[PDB]
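Chains as they are written, first to last, in the authors' numbering: chain A, 91 to 622; chain E, 1 to 6; chain C, 1 to 6.
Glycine included, C-beta positions come from ideal geometry on N, C-alpha and C.
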Ligand SMILES: [Ca+2]
Ligand SMILES: [Ca+2]
Ligand SMILES: [Ca+2]
Ligand SMILES: [Ca+2]
Ligand SMILES: [Zn+2]
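Below, the structure is given as structure tokens:
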């Protein structure tokens with residue numbers, strides 16, 4: 091029932107009729123519509139007219155929510171999204187002062203701080219627009235007011251928690267706002283409201299703990315302004331947070347939120363939390379399970395049965411790896427990584443909270459393998475993972491087999507440390523980790539052939555991590571590796587002879603010859619695979 | 001970049 | 001390091 095044709099129009103009045111009749115659910119389609127729709131729907135004139143109408147309707151708002159205003163503000167911030175990401179769209183200079191007028195009218199309405207889920211739905215779009223439109227400098231007092239007014243009754247409503255949590259995005263987005271950064275150093279009331287909000291113990295273990303954690307995080311960010319008049323209050327607030335909550339335990343999301351941003355701009359000794367990561371690693375990964383003399387597990391909260399299933403599957407994968415890769419069990423030169431440490435958090439949330447501090451890693455992924463330096467006697471490589479309900483039984487450790495194969499590949503196939511290759515090896519490393527662990531069980535790899543968008547071997551081999559194209563890296567890396575093992579296993583060993591000796595130019599010439607010689611066969615092979 | 005859809 | 005898929 092959402093027809094985007096109605097937005098492809100030149101009359102402001104029909105546009106708003108489309109907004110009000112089709113509603114927020116259909117306006118939502120403007121974020122992903124073709125540029126033809128977006129250029130028509132998001133002209134400077136349309137945006138000025140919608141903003142002025144929204145302004146008058148918001149002035150008349152009498153509480154209880156508004157499907158029309160929710161849709162209007164969504165359209166307005168949808169426009170800033172399209173203008174940012176569509177080069178065919180650039181707003182004239184009078185567009186934003188009007189959008190600010192439309193926002194101001196909702197903010198100055200006597201019902202702005204109303205409670206309730208219906209009000210939260212329009213309020214959410216208004217608070218997001220403040221960020222989308224680059225208006226963070228204009229609503230600092232709104233942040234302070236919501237932080238000061240928040241209570242348990244606002245906290246009853248899912249849509250109020252979601253809406254008001256947007257005030258923290260405003261502080262985050264203001265970093266790129268020159269007006270904001272000239273003003274923020276004076277906002278002592280906001281700093282006081284932020285620390286009071288995060289130090290409220292009733293938020294711990296509650297549905298608003300995540301807002302208190304975001305409060306702490308945004309306060310830690312203000313540690314940047316070392317010479318600003320807010321700096322004593324910021325320091326005092328961070329010090330209070332670090333003293334009231336544990337780095338592991340109830341409320342540690344608030345502790346770790348503050349530590350994350352504050353450690354980026356202030357020394358640990360400023361808050362006397364130097365070396366907290368050692369104690370945290372021991373609290374968070376408190377279990378020890380010894381699989382063998384070459385694999386040990388440190389984990390947050392696995393059962394003995396899970397520990398046993400992980401050790402057994404890794405012993406199984408090891409054997410299958412060496413047979414399949416024909417290693418002779420002989421590692422590459424200059425590699426002393428006989429022992430491995432496996433680190434398993436209780437959930438992706440736990441991984442997201444603790445692994446960054448403990449291991450220094452990015453956690454926007456499904457796990458991580460850290461080979462270290464194999465030439466250093468005493469180096470212990472680590473992989474870091476989390477339990478997931480959708481992981482493999484019986485261990486339910488997400489990417490257990492995948493990361494383990496990274497260790498095996500790194501020790502038996504790929505000379506040097508992780509950064510050593512001078513030619514791209516992403517397709518191989520990720521493809522062999524997927525193929526050795528999944529073999530022929532990869533529905534998503536079949537599906538990405540069936541959808542009609544494909545890659546050539548040459549494109550697969552030139553895959554990088556840039557933009558983390560999971561489809562290209564993991565599915566098409568898997569497909570090329572599986573194809574070469576099934577159809578040209580002698581060529582695979584020839585390639586491995588180059589990689590095992592760190593002969594990267596020779597490796598690249600080998601696989602570029604494949605990309606010329608085998609492309610038609612690969613094309614027929616993927617076709618047969620997609621058929622059945 | 002600006003916030004995406006809800 | 002090499003990341004696992006989400
Ligand atoms: Ca643009
Ligand atoms: Ca568990
Ligand atoms: Ca290696
Ligand atoms: Ca595809
Ligand atoms: Zn990986």
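Does the CB of residue i have a neighbour CB from chain C at under 8 Å?
i, result
"residue 652 of chain A", "There is simply no residue 652 of chain A to check, as chain A begins at 91 and stops at 622 in what is shown."
"residue 560 of chain A", "yes"
"residue 295 of chain A", "no"
"residue 460 of chain A", "yes"
"residue 492 of chain A", "yes"
Please state if the CB of residue j and the CB of residue i are separated by a distance shorter than 8 Å.
i, j, result
"residue 205 of chain A", "residue 235 of chain A", "no"
"residue 435 of chain A", "residue 406 of chain A", "no"
"residue 366 of chain A", "residue 498 of chain A", "no"
"residue 308 of chain A", "residue 261 of chain A", "yes"
"residue 345 of chain A", "residue 361 of chain A", "no"
"residue 99 of chain A", "residue 178 of chain A", "no"
"residue 192 of chain A", "residue 144 of chain A", "yes"
"residue 348 of chain A", "residue 328 of chain A", "yes"
"residue 302 of chain A", "residue 287 of chain A", "yes"
"residue 170 of chain A", "residue 115 of chain A", "no"
"residue 493 of chain A", "residue 459 of chain A", "yes"
"residue 130 of chain A", "residue 181 of chain A", "no"
"residue 3 of chain C", "residue 456 of chain A", "yes"
"residue 189 of chain A", "residue 148 of chain A", "no"
"residue 283 of chain A", "residue 238 of chain A", "yes"
"residue 227 of chain A", "residue 270 of chain A", "yes"
"residue 503 of chain A", "residue 415 of chain A", "yes"
"residue 427 of chain A", "residue 483 of chain A", "no"
"residue 168 of chain A", "residue 232 of chain A", "no"
"residue 623 of chain A", "residue 201 of chain A", "A question about residue 623 of chain A goes unanswered here, because the residues of chain A that appear run from 91 up to 622."
"residue 5 of chain C", "residue 564 of chain A", "yes"
Beta-carbon of residue i versus every beta-carbon of chain E: anything under 8 Å?
i, result
"residue 121 of chain A", "yes"
"residue 133 of chain A", "no"
"residue 368 of chain A", "no"
"residue 340 of chain A", "no"
"residue 222 of chain A", "yes"
"residue 332 of chain A", "no"
"residue 463 of chain A", "no"
"residue 300 of chain A", "no"
"residue 167 of chain A", "yes"
"residue 175 of chain A", "yes"
"residue 178 of chain A", "no"
"residue 249 of chain A", "no"
"residue 170 of chain A", "yes"
"residue 109 of chain A", "no"
Tell me whether residue i sits in a helix, a strand or coil according to DSSP, three-state version.
i, result
"residue 454 of chain A", "coil"
"residue 258 of chain A", "helix"
"residue 508 of chain A", "coil"
"residue 627 of chain A", "Residue coverage of chain A in this structure runs from 91 to 622, which leaves residue 627 of chain A outside it and unanswerable."
"residue 487 of chain A", "strand"
"residue 102 of chain A", "helix"
"residue 90 of chain A", "With chain A covering only 91 through 622, there is no way to say anything about residue 90 of chain A."
"residue 116 of chain A", "helix"
"residue 281 of chain A", "helix"
"residue 428 of chain A", "coil"
"residue 593 of chain A", "coil"
"residue 503 of chain A", "coil"
"residue 362 of chain A", "coil"
"residue 185 of chain A", "helix"
"residue 578 of chain A", "coil"
"residue 337 of chain A", "coil"
"residue 179 of chain A", "coil"
"residue 299 of chain A", "helix"
"residue 294 of chain A", "coil"
"residue 566 of chain A", "helix"
"residue 235 of chain A", "helix"
"residue 143 of chain A", "helix"
"residue 203 of chain A", "coil"
Going by DSSP, what residues sit across from residue i in a beta bridge?
i, result
"residue 389 of chain A", "A:377, A:434"
"residue 474 of chain A", "A:433, A:458"
"residue 3 of chain C", "A:458"
_I need the residues with a C-beta less than 6 Å from some heavy atom of ligand 5; please give them in chain order._
Going by the Cβ distance cut-off, the answer is A:492, A:496, A:520, A:523, C:2, C:3, C:4.
*Whose CB is closer than 5 Å to a heavy atom of ligand 4? List the residues in chain order.*
Any residue whose Cβ sits closer than 5 Å to a heavy atom of ligand 4 makes the list: A:538, A:541, A:543.
*Any residue whose CB is nearer than 5 Å to a heavy atom belonging to ligand 3, listed in chain order*: Listed by position along the chain, the residues with Cβ atoms less than 5 Å from a non-hydrogen atom of ligand 3 are A:500, A:504.
*ligand 1: which residues have Cβ under 6 Å from any of its heavy atoms, chain order?*
Per the CB criterion, closer than 6 Å to any heavy atom of ligand 1, the qualifying residues run in chain order as A:173, A:176, A:177, A:179, A:180.
*Below 5 Å from a heavy atom of ligand 2 - residues by beta-carbon*: Summarising the contact set, residues whose Cβ lies nearer than 5 Å to any heavy atom of ligand 2 are, in chain order, A:391, A:436, A:477.
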